[PDB]
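**Q** So here's protein-v7.txt (compact mmCIF, N, CA, C and O atoms).
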# COMPACT_ATOMS: atom_id res chain seq x y z
N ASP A 1 -26.86 6.89 19.15
CA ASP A 1 -25.98 6.61 20.33
C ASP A 1 -25.97 5.11 20.60
O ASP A 1 -26.37 4.66 21.66
N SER A 2 -25.53 4.32 19.66
CA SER A 2 -25.50 2.84 19.88
C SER A 2 -24.12 2.29 19.54
O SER A 2 -23.68 2.33 18.41
N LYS A 3 -23.42 1.77 20.52
CA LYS A 3 -22.07 1.21 20.26
C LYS A 3 -21.96 -0.19 20.88
O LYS A 3 -21.09 -0.44 21.68
N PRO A 4 -22.86 -1.07 20.48
CA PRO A 4 -22.89 -2.46 20.98
C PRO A 4 -21.79 -3.30 20.30
O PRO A 4 -21.88 -3.57 19.13
N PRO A 5 -20.80 -3.67 21.07
CA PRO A 5 -19.67 -4.47 20.56
C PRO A 5 -20.06 -5.95 20.46
O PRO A 5 -21.11 -6.36 20.90
N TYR A 6 -19.21 -6.76 19.89
CA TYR A 6 -19.52 -8.21 19.76
C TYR A 6 -18.41 -9.00 20.46
O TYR A 6 -17.71 -8.48 21.30
N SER A 7 -18.24 -10.24 20.11
CA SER A 7 -17.17 -11.03 20.76
C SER A 7 -15.83 -10.64 20.14
O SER A 7 -15.76 -10.20 19.01
N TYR A 8 -14.76 -10.79 20.87
CA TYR A 8 -13.43 -10.41 20.31
C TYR A 8 -13.07 -11.37 19.18
O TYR A 8 -12.36 -11.01 18.25
N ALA A 9 -13.56 -12.57 19.23
CA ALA A 9 -13.25 -13.54 18.14
C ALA A 9 -14.32 -13.43 17.05
O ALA A 9 -14.27 -14.10 16.04
N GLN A 10 -15.29 -12.58 17.25
CA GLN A 10 -16.38 -12.41 16.24
C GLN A 10 -16.12 -11.15 15.41
O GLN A 10 -16.44 -11.09 14.24
N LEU A 11 -15.56 -10.14 16.01
CA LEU A 11 -15.29 -8.88 15.26
C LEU A 11 -14.32 -9.13 14.11
O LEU A 11 -14.13 -8.29 13.25
N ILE A 12 -13.70 -10.27 14.07
CA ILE A 12 -12.77 -10.57 12.95
C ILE A 12 -13.51 -11.47 11.98
O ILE A 12 -13.48 -11.30 10.78
N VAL A 13 -14.18 -12.42 12.54
CA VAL A 13 -14.96 -13.38 11.73
C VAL A 13 -16.09 -12.66 11.01
O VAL A 13 -16.08 -12.49 9.81
N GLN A 14 -17.06 -12.23 11.76
CA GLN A 14 -18.22 -11.51 11.18
C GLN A 14 -17.73 -10.56 10.06
O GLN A 14 -18.47 -10.24 9.15
N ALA A 15 -16.50 -10.12 10.11
CA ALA A 15 -15.99 -9.21 9.05
C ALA A 15 -15.59 -10.01 7.80
O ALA A 15 -16.11 -9.80 6.72
N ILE A 16 -14.64 -10.90 7.92
CA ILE A 16 -14.19 -11.70 6.74
C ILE A 16 -15.40 -12.34 6.04
O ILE A 16 -15.40 -12.53 4.84
N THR A 17 -16.42 -12.67 6.78
CA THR A 17 -17.61 -13.30 6.15
C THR A 17 -18.38 -12.27 5.32
O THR A 17 -18.94 -12.58 4.29
N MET A 18 -18.41 -11.04 5.76
CA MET A 18 -19.14 -9.99 4.99
C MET A 18 -18.20 -9.33 3.98
O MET A 18 -18.53 -8.33 3.38
N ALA A 19 -17.03 -9.88 3.79
CA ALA A 19 -16.08 -9.26 2.82
C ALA A 19 -16.14 -10.04 1.50
O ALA A 19 -16.13 -11.26 1.50
N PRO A 20 -16.20 -9.32 0.40
CA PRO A 20 -16.27 -9.93 -0.94
C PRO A 20 -14.88 -10.40 -1.38
O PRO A 20 -14.23 -9.77 -2.19
N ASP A 21 -14.42 -11.49 -0.84
CA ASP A 21 -13.08 -12.00 -1.22
C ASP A 21 -12.65 -13.10 -0.24
O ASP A 21 -11.85 -13.95 -0.57
N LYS A 22 -13.18 -13.09 0.95
CA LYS A 22 -12.81 -14.14 1.94
C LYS A 22 -11.42 -13.83 2.53
O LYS A 22 -10.84 -14.65 3.21
N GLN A 23 -10.89 -12.67 2.26
CA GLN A 23 -9.55 -12.32 2.80
C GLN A 23 -9.59 -10.90 3.34
O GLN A 23 -10.09 -10.00 2.70
N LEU A 24 -9.06 -10.68 4.51
CA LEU A 24 -9.07 -9.31 5.07
C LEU A 24 -7.75 -9.01 5.77
O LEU A 24 -7.15 -9.88 6.39
N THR A 25 -7.31 -7.79 5.72
CA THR A 25 -6.05 -7.44 6.42
C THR A 25 -6.39 -7.23 7.90
O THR A 25 -7.53 -7.30 8.29
N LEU A 26 -5.41 -6.98 8.72
CA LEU A 26 -5.73 -6.75 10.16
C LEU A 26 -6.68 -5.57 10.25
O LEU A 26 -7.65 -5.59 10.98
N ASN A 27 -6.42 -4.54 9.49
CA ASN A 27 -7.32 -3.35 9.51
C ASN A 27 -8.75 -3.79 9.16
O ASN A 27 -9.71 -3.16 9.56
N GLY A 28 -8.88 -4.86 8.42
CA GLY A 28 -10.24 -5.35 8.04
C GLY A 28 -11.19 -5.19 9.22
O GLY A 28 -12.23 -4.57 9.11
N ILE A 29 -10.87 -5.75 10.35
CA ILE A 29 -11.78 -5.62 11.51
C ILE A 29 -11.96 -4.14 11.86
O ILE A 29 -13.04 -3.70 12.18
N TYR A 30 -10.91 -3.37 11.80
CA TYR A 30 -11.03 -1.92 12.13
C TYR A 30 -11.97 -1.22 11.14
O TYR A 30 -12.51 -0.17 11.42
N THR A 31 -12.17 -1.80 9.99
CA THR A 31 -13.06 -1.15 8.99
C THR A 31 -14.45 -1.81 9.02
O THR A 31 -15.36 -1.38 8.34
N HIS A 32 -14.61 -2.84 9.79
CA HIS A 32 -15.94 -3.51 9.86
C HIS A 32 -16.66 -3.07 11.13
O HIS A 32 -17.76 -2.55 11.09
N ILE A 33 -16.04 -3.26 12.26
CA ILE A 33 -16.68 -2.85 13.54
C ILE A 33 -17.28 -1.45 13.37
O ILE A 33 -18.36 -1.17 13.83
N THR A 34 -16.57 -0.57 12.72
CA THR A 34 -17.09 0.81 12.53
C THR A 34 -18.23 0.80 11.51
O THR A 34 -19.24 1.45 11.68
N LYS A 35 -18.07 0.07 10.44
CA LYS A 35 -19.14 0.02 9.40
C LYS A 35 -20.48 -0.30 10.07
O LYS A 35 -21.53 0.01 9.55
N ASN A 36 -20.45 -0.93 11.22
CA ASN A 36 -21.72 -1.28 11.91
C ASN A 36 -22.06 -0.19 12.93
O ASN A 36 -22.99 0.57 12.76
N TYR A 37 -21.30 -0.10 13.99
CA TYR A 37 -21.58 0.94 15.03
C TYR A 37 -21.29 2.32 14.42
O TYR A 37 -20.81 2.40 13.30
N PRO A 38 -21.58 3.38 15.14
CA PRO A 38 -21.35 4.75 14.64
C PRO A 38 -19.87 5.13 14.71
O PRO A 38 -19.23 5.33 13.70
N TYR A 39 -19.32 5.24 15.89
CA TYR A 39 -17.88 5.63 16.00
C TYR A 39 -17.04 4.43 16.46
O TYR A 39 -16.30 3.86 15.69
N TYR A 40 -17.16 4.04 17.70
CA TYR A 40 -16.36 2.87 18.19
C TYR A 40 -14.94 2.94 17.63
O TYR A 40 -14.35 1.94 17.28
N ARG A 41 -14.38 4.12 17.54
CA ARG A 41 -13.00 4.24 17.00
C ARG A 41 -12.36 5.55 17.48
O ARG A 41 -11.23 5.57 17.92
N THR A 42 -13.08 6.63 17.41
CA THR A 42 -12.52 7.93 17.86
C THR A 42 -12.88 8.18 19.32
O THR A 42 -13.53 9.15 19.66
N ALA A 43 -12.46 7.31 20.21
CA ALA A 43 -12.79 7.50 21.65
C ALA A 43 -12.22 6.34 22.46
O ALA A 43 -11.81 6.51 23.60
N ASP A 44 -12.19 5.16 21.90
CA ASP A 44 -11.65 3.99 22.65
C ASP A 44 -10.62 3.26 21.79
O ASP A 44 -10.96 2.53 20.89
N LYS A 45 -9.36 3.45 22.07
CA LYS A 45 -8.31 2.77 21.27
C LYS A 45 -7.93 1.46 21.96
O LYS A 45 -6.94 0.83 21.61
N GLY A 46 -8.69 1.04 22.93
CA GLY A 46 -8.37 -0.22 23.65
C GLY A 46 -8.89 -1.43 22.86
O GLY A 46 -8.51 -2.55 23.12
N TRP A 47 -9.75 -1.21 21.90
CA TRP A 47 -10.29 -2.35 21.10
C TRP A 47 -9.53 -2.45 19.78
O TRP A 47 -9.55 -3.47 19.12
N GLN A 48 -8.86 -1.40 19.38
CA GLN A 48 -8.11 -1.44 18.10
C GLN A 48 -7.18 -2.65 18.08
O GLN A 48 -7.50 -3.68 17.52
N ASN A 49 -6.03 -2.54 18.69
CA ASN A 49 -5.08 -3.69 18.70
C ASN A 49 -5.72 -4.88 19.41
O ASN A 49 -5.28 -6.01 19.29
N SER A 50 -6.76 -4.65 20.15
CA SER A 50 -7.43 -5.76 20.88
C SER A 50 -7.81 -6.87 19.89
O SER A 50 -7.68 -8.04 20.17
N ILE A 51 -8.28 -6.50 18.72
CA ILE A 51 -8.66 -7.54 17.72
C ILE A 51 -7.43 -8.35 17.33
O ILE A 51 -7.47 -9.55 17.24
N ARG A 52 -6.33 -7.69 17.10
CA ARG A 52 -5.09 -8.43 16.72
C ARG A 52 -4.82 -9.53 17.74
O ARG A 52 -4.14 -10.49 17.47
N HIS A 53 -5.36 -9.39 18.93
CA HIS A 53 -5.14 -10.43 19.97
C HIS A 53 -5.98 -11.67 19.66
O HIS A 53 -5.55 -12.79 19.87
N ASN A 54 -7.18 -11.49 19.17
CA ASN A 54 -8.04 -12.66 18.85
C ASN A 54 -7.61 -13.25 17.50
O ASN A 54 -7.86 -14.40 17.21
N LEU A 55 -6.97 -12.46 16.68
CA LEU A 55 -6.52 -12.98 15.35
C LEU A 55 -5.59 -14.18 15.58
O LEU A 55 -5.49 -15.06 14.75
N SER A 56 -4.93 -14.22 16.70
CA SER A 56 -4.01 -15.35 17.00
C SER A 56 -4.71 -16.31 17.97
O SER A 56 -4.64 -17.52 17.80
N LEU A 57 -5.38 -15.80 18.97
CA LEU A 57 -6.08 -16.70 19.93
C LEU A 57 -6.79 -17.78 19.12
O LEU A 57 -6.92 -18.91 19.54
N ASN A 58 -7.20 -17.44 17.94
CA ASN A 58 -7.85 -18.42 17.05
C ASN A 58 -6.84 -18.75 15.96
O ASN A 58 -5.92 -17.99 15.73
N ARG A 59 -6.97 -19.85 15.30
CA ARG A 59 -5.96 -20.15 14.26
C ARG A 59 -6.61 -20.68 12.98
O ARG A 59 -5.93 -21.16 12.09
N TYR A 60 -7.90 -20.58 12.84
CA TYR A 60 -8.51 -21.06 11.57
C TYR A 60 -8.36 -19.95 10.53
O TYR A 60 -8.68 -20.12 9.36
N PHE A 61 -7.86 -18.80 10.94
CA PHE A 61 -7.68 -17.69 9.97
C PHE A 61 -6.38 -17.94 9.18
O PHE A 61 -5.40 -18.40 9.73
N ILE A 62 -6.37 -17.64 7.91
CA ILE A 62 -5.14 -17.87 7.11
C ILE A 62 -4.15 -16.73 7.35
O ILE A 62 -3.98 -15.86 6.52
N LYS A 63 -3.48 -16.74 8.47
CA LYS A 63 -2.50 -15.65 8.75
C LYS A 63 -1.21 -15.94 7.97
O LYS A 63 -0.41 -16.76 8.36
N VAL A 64 -1.01 -15.27 6.87
CA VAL A 64 0.22 -15.50 6.06
C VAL A 64 1.29 -14.47 6.42
O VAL A 64 0.98 -13.40 6.91
N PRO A 65 2.52 -14.82 6.16
CA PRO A 65 3.68 -13.94 6.43
C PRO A 65 3.81 -12.86 5.35
O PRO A 65 3.32 -11.76 5.49
N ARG A 66 4.48 -13.17 4.27
CA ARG A 66 4.65 -12.17 3.18
C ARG A 66 3.44 -12.20 2.25
O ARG A 66 2.45 -12.85 2.53
N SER A 67 3.52 -11.52 1.14
CA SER A 67 2.38 -11.51 0.18
C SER A 67 2.84 -10.91 -1.15
O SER A 67 4.00 -11.02 -1.52
N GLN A 68 1.96 -10.27 -1.86
CA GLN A 68 2.36 -9.66 -3.17
C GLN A 68 2.36 -8.14 -3.04
O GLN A 68 1.87 -7.44 -3.91
N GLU A 69 2.91 -7.62 -1.98
CA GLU A 69 2.95 -6.14 -1.78
C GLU A 69 1.63 -5.52 -2.24
O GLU A 69 1.58 -4.38 -2.66
N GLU A 70 0.55 -6.25 -2.17
CA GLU A 70 -0.75 -5.68 -2.61
C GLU A 70 -1.19 -4.59 -1.62
O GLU A 70 -1.46 -3.48 -2.02
N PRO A 71 -1.24 -4.95 -0.36
CA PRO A 71 -1.63 -4.02 0.71
C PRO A 71 -0.46 -3.09 1.06
O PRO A 71 -0.64 -2.00 1.55
N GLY A 72 0.75 -3.53 0.80
CA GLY A 72 1.93 -2.68 1.11
C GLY A 72 2.77 -3.34 2.21
O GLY A 72 3.98 -3.25 2.21
N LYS A 73 2.14 -4.00 3.14
CA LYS A 73 2.90 -4.66 4.24
C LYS A 73 2.80 -6.18 4.10
O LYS A 73 1.88 -6.70 3.49
N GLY A 74 3.73 -6.90 4.67
CA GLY A 74 3.68 -8.39 4.57
C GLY A 74 2.88 -8.95 5.75
O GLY A 74 3.44 -9.38 6.74
N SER A 75 1.58 -8.94 5.65
CA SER A 75 0.74 -9.48 6.76
C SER A 75 -0.72 -9.46 6.33
O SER A 75 -1.17 -8.56 5.65
N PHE A 76 -1.47 -10.46 6.70
CA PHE A 76 -2.91 -10.50 6.30
C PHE A 76 -3.63 -11.62 7.05
O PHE A 76 -3.13 -12.72 7.17
N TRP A 77 -4.81 -11.35 7.54
CA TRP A 77 -5.57 -12.41 8.26
C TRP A 77 -6.75 -12.84 7.39
O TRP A 77 -7.70 -12.11 7.22
N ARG A 78 -6.67 -14.00 6.80
CA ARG A 78 -7.77 -14.44 5.90
C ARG A 78 -8.61 -15.53 6.56
O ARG A 78 -8.56 -15.76 7.75
N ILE A 79 -9.38 -16.21 5.76
CA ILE A 79 -10.24 -17.30 6.26
C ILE A 79 -10.01 -18.55 5.40
O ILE A 79 -10.21 -18.53 4.20
N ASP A 80 -9.57 -19.63 5.99
CA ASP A 80 -9.32 -20.86 5.19
C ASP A 80 -10.67 -21.53 4.88
O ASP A 80 -11.70 -21.05 5.30
N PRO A 81 -10.63 -22.60 4.12
CA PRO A 81 -11.85 -23.33 3.72
C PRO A 81 -12.46 -24.09 4.90
O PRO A 81 -13.65 -24.01 5.15
N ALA A 82 -11.66 -24.79 5.65
CA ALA A 82 -12.19 -25.52 6.82
C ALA A 82 -12.01 -24.63 8.04
O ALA A 82 -11.73 -25.09 9.13
N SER A 83 -12.15 -23.35 7.85
CA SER A 83 -11.96 -22.40 8.97
C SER A 83 -13.13 -21.42 9.00
O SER A 83 -13.82 -21.29 9.99
N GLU A 84 -13.35 -20.72 7.92
CA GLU A 84 -14.47 -19.75 7.88
C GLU A 84 -15.70 -20.39 8.52
O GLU A 84 -15.99 -20.16 9.67
N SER A 85 -16.40 -21.19 7.78
CA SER A 85 -17.62 -21.88 8.31
C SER A 85 -17.48 -22.19 9.82
O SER A 85 -18.44 -22.22 10.55
N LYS A 86 -16.28 -22.41 10.29
CA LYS A 86 -16.10 -22.71 11.74
C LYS A 86 -16.26 -21.42 12.55
O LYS A 86 -17.17 -21.28 13.34
N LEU A 87 -15.36 -20.48 12.38
CA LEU A 87 -15.44 -19.19 13.15
C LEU A 87 -16.78 -18.50 12.91
O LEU A 87 -17.42 -18.04 13.84
N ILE A 88 -17.22 -18.38 11.68
CA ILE A 88 -18.53 -17.69 11.45
C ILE A 88 -19.55 -18.29 12.41
O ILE A 88 -20.53 -17.66 12.77
N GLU A 89 -19.33 -19.50 12.83
CA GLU A 89 -20.26 -20.15 13.78
C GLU A 89 -20.16 -19.44 15.13
O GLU A 89 -21.15 -19.11 15.74
N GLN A 90 -18.96 -19.20 15.60
CA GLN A 90 -18.80 -18.51 16.91
C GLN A 90 -18.90 -16.99 16.73
O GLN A 90 -18.84 -16.24 17.68
N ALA A 91 -19.05 -16.52 15.51
CA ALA A 91 -19.15 -15.04 15.30
C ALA A 91 -20.62 -14.65 15.16
O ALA A 91 -21.15 -13.90 15.96
N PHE A 92 -21.29 -15.15 14.15
CA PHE A 92 -22.73 -14.80 13.97
C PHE A 92 -23.42 -14.87 15.33
O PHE A 92 -24.41 -14.20 15.58
N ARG A 93 -22.90 -15.66 16.23
CA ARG A 93 -23.50 -15.77 17.58
C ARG A 93 -23.10 -14.55 18.41
O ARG A 93 -22.84 -13.48 17.89
N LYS A 94 -23.06 -14.69 19.71
CA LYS A 94 -22.69 -13.54 20.58
C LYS A 94 -21.91 -14.05 21.80
O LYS A 94 -21.38 -15.14 21.80
N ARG A 95 -21.83 -13.26 22.83
CA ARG A 95 -21.09 -13.68 24.05
C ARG A 95 -22.08 -13.90 25.20
O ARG A 95 -22.45 -12.98 25.90
N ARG A 96 -22.52 -15.12 25.39
CA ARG A 96 -23.49 -15.39 26.49
C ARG A 96 -23.55 -16.90 26.76
O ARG A 96 -24.28 -17.62 26.11
N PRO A 97 -22.77 -17.33 27.72
CA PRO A 97 -22.71 -18.75 28.12
C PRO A 97 -23.93 -19.13 28.97
O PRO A 97 -24.65 -18.27 29.43
N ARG A 98 -24.16 -20.39 29.17
CA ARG A 98 -25.33 -20.82 29.99
C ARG A 98 -24.90 -20.98 31.45
O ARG A 98 -25.07 -22.07 31.98
Go through the file and emit its structure as structure tokens.
**A**
Amino acid sequence: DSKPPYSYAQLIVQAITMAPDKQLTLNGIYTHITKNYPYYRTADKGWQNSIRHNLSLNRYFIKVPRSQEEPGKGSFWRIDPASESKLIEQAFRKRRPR
């Protein structure tokens, strides 16, 4: 019974960093937050699209328009070179100001 969430700008970062490729689709966060907590998906749909909100609030992510129909849709939130190391900094951390 443990569903400890993280920062809204971390649930995207902490994911792309643990992904073997440095690139994740929007669902990426939906497949990471759960990989950690037990459910955090079949009960609260307020955090689902919630991540898509931080995907833009931040801009070091490589949000490209079209692609190579690899995923099927033209959209993907990745991590640039001078971006990952940056967000992973505010992600590996947590939400607690002084």
**Q** For residue 23 in chain A, please output as a PDB file with N, CA, C and O atoms, in the frame of the given file all residues within 12 Å (counting only C-alpha atoms; exclusion window: fewer than 5 positions along the same chain).
**A**
ATOM      1  N   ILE A  12     -13.700 -10.270  14.070  1.00  0.00           N
ATOM      2  CA  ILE A  12     -12.770 -10.570  12.950  1.00  0.00           C
ATOM      3  C   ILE A  12     -13.510 -11.470  11.980  1.00  0.00           C
ATOM      4  O   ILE A  12     -13.480 -11.300  10.780  1.00  0.00           O
ATOM      5  N   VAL A  13     -14.180 -12.420  12.540  1.00  0.00           N
ATOM      6  CA  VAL A  13     -14.960 -13.380  11.730  1.00  0.00           C
ATOM      7  C   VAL A  13     -16.090 -12.660  11.010  1.00  0.00           C
ATOM      8  O   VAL A  13     -16.080 -12.490   9.810  1.00  0.00           O
ATOM      9  N   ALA A  15     -16.500 -10.120  10.110  1.00  0.00           N
ATOM     10  CA  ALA A  15     -15.990  -9.210   9.050  1.00  0.00           C
ATOM     11  C   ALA A  15     -15.590 -10.010   7.800  1.00  0.00           C
ATOM     12  O   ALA A  15     -16.110  -9.800   6.720  1.00  0.00           O
ATOM     13  N   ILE A  16     -14.640 -10.900   7.920  1.00  0.00           N
ATOM     14  CA  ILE A  16     -14.190 -11.700   6.740  1.00  0.00           C
ATOM     15  C   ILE A  16     -15.400 -12.340   6.040  1.00  0.00           C
ATOM     16  O   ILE A  16     -15.400 -12.530   4.840  1.00  0.00           O
ATOM     17  N   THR A  17     -16.420 -12.670   6.780  1.00  0.00           N
ATOM     18  CA  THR A  17     -17.610 -13.300   6.150  1.00  0.00           C
ATOM     19  C   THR A  17     -18.380 -12.270   5.320  1.00  0.00           C
ATOM     20  O   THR A  17     -18.940 -12.580   4.290  1.00  0.00           O
ATOM     21  N   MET A  18     -18.410 -11.040   5.760  1.00  0.00           N
ATOM     22  CA  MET A  18     -19.140  -9.990   4.990  1.00  0.00           C
ATOM     23  C   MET A  18     -18.200  -9.330   3.980  1.00  0.00           C
ATOM     24  O   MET A  18     -18.530  -8.330   3.380  1.00  0.00           O
ATOM     25  N   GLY A  28      -8.880  -4.860   8.420  1.00  0.00           N
ATOM     26  CA  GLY A  28     -10.240  -5.350   8.040  1.00  0.00           C
ATOM     27  C   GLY A  28     -11.190  -5.190   9.220  1.00  0.00           C
ATOM     28  O   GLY A  28     -12.230  -4.570   9.110  1.00  0.00           O
ATOM     29  N   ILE A  29     -10.870  -5.750  10.350  1.00  0.00           N
ATOM     30  CA  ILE A  29     -11.780  -5.620  11.510  1.00  0.00           C
ATOM     31  C   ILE A  29     -11.960  -4.140  11.860  1.00  0.00           C
ATOM     32  O   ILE A  29     -13.040  -3.700  12.180  1.00  0.00           O
ATOM     33  N   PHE A  61      -7.860 -18.800  10.940  1.00  0.00           N
ATOM     34  CA  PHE A  61      -7.680 -17.690   9.970  1.00  0.00           C
ATOM     35  C   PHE A  61      -6.380 -17.940   9.180  1.00  0.00           C
ATOM     36  O   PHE A  61      -5.400 -18.400   9.730  1.00  0.00           O
ATOM     37  N   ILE A  62      -6.370 -17.640   7.910  1.00  0.00           N
ATOM     38  CA  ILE A  62      -5.140 -17.870   7.110  1.00  0.00           C
ATOM     39  C   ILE A  62      -4.150 -16.730   7.350  1.00  0.00           C
ATOM     40  O   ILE A  62      -3.980 -15.860   6.520  1.00  0.00           O
ATOM     41  N   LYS A  63      -3.480 -16.740   8.470  1.00  0.00           N
ATOM     42  CA  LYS A  63      -2.500 -15.650   8.750  1.00  0.00           C
ATOM     43  C   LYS A  63      -1.210 -15.940   7.970  1.00  0.00           C
ATOM     44  O   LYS A  63      -0.410 -16.760   8.360  1.00  0.00           O
ATOM     45  N   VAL A  64      -1.010 -15.270   6.870  1.00  0.00           N
ATOM     46  CA  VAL A  64       0.220 -15.500   6.060  1.00  0.00           C
ATOM     47  C   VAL A  64       1.290 -14.470   6.420  1.00  0.00           C
ATOM     48  O   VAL A  64       0.980 -13.400   6.910  1.00  0.00           O
ATOM     49  N   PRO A  71      -1.240  -4.950  -0.360  1.00  0.00           N
ATOM     50  CA  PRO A  71      -1.630  -4.020   0.710  1.00  0.00           C
ATOM     51  C   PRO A  71      -0.460  -3.090   1.060  1.00  0.00           C
ATOM     52  O   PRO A  71      -0.640  -2.000   1.550  1.00  0.00           O
ATOM     53  N   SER A  75       1.580  -8.940   5.650  1.00  0.00           N
ATOM     54  CA  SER A  75       0.740  -9.480   6.760  1.00  0.00           C
ATOM     55  C   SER A  75      -0.720  -9.460   6.330  1.00  0.00           C
ATOM     56  O   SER A  75      -1.170  -8.560   5.650  1.00  0.00           O
ATOM     57  N   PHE A  76      -1.470 -10.460   6.700  1.00  0.00           N
ATOM     58  CA  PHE A  76      -2.910 -10.500   6.300  1.00  0.00           C
ATOM     59  C   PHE A  76      -3.630 -11.620   7.050  1.00  0.00           C
ATOM     60  O   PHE A  76      -3.130 -12.720   7.170  1.00  0.00           O
ATOM     61  N   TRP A  77      -4.810 -11.350   7.540  1.00  0.00           N
ATOM     62  CA  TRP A  77      -5.570 -12.410   8.260  1.00  0.00           C
ATOM     63  C   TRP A  77      -6.750 -12.840   7.390  1.00  0.00           C
ATOM     64  O   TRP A  77      -7.700 -12.110   7.220  1.00  0.00           O
ATOM     65  N   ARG A  78      -6.670 -14.000   6.800  1.00  0.00           N
ATOM     66  CA  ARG A  78      -7.770 -14.440   5.900  1.00  0.00           C
ATOM     67  C   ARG A  78      -8.610 -15.530   6.560  1.00  0.00           C
ATOM     68  O   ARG A  78      -8.560 -15.760   7.750  1.00  0.00           O
ATOM     69  N   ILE A  79      -9.380 -16.210   5.760  1.00  0.00           N
ATOM     70  CA  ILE A  79     -10.240 -17.300   6.260  1.00  0.00           C
ATOM     71  C   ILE A  79     -10.010 -18.550   5.400  1.00  0.00           C
ATOM     72  O   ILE A  79     -10.210 -18.530   4.200  1.00  0.00           O
ATOM     73  N   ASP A  80      -9.570 -19.630   5.990  1.00  0.00           N
ATOM     74  CA  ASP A  80      -9.320 -20.860   5.190  1.00  0.00           C
ATOM     75  C   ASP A  80     -10.670 -21.530   4.880  1.00  0.00           C
ATOM     76  O   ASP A  80     -11.700 -21.050   5.300  1.00  0.00           O
ATOM     77  N   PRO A  81     -10.630 -22.600   4.120  1.00  0.00           N
ATOM     78  CA  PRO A  81     -11.850 -23.330   3.720  1.00  0.00           C
ATOM     79  C   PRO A  81     -12.460 -24.090   4.900  1.00  0.00           C
ATOM     80  O   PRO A  81     -13.650 -24.010   5.150  1.00  0.00           O
ATOM     81  N   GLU A  84     -13.350 -20.720   7.920  1.00  0.00           N
ATOM     82  CA  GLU A  84     -14.470 -19.750   7.880  1.00  0.00           C
ATOM     83  C   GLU A  84     -15.700 -20.390   8.520  1.00  0.00           C
ATOM     84  O   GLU A  84     -15.990 -20.160   9.670  1.00  0.00           O
TER      85      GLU A  84
END
**Q** For a test of reading the model, state the distance in Å between atom C of residue 93 in chain A and atom O of residue 3 in chain A, rounded to one decimal.
**A** 14.6 Å
**Q** Within 12 Å of (-17.9, -1.8, 18.5) (file coordinates; only C-alpha atoms), which protein or nucleic acid residues are there? I'd like them as JSON, numbers by chain.
**A** {"A": [1, 2, 3, 4, 5, 6, 7, 8, 10, 11, 12, 29, 30, 31, 32, 33, 34, 35, 36, 37, 38, 39, 40, 41, 42, 43, 44, 45, 46, 47, 48, 50, 51]}
**Q** For a test of reading the model, state the distance in Å between CA of residue 89 in chain A and CA of residue 67 in chain A, rounded to one decimal.
**A**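 Separation between CA of residue 89 in chain A and CA of residue 67 in chain A: 27.8 Å.
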**Q** Between A:94, A:25, A:57, A:85, which has the minimum distance to residue 73 in chain A (counting only C-alpha atoms)?
**A** A:25
**Q** Rounded to one decimal in Å, what is the spacing between atom N of residue 82 in chain A and atom O of residue 49 in chain A?
**A**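 For atom N of residue 82 in chain A relative to atom O of residue 49 in chain A, the distance reads 24.1 Å.
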**Q** From the set A:27, A:74, A:20, A:9, which residue has the shortest atom-to-atom contact distance to residue 88 in chain A, counting all atoms listed in the file?
**A**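 Under the stated criterion, the closest residue is A:9.
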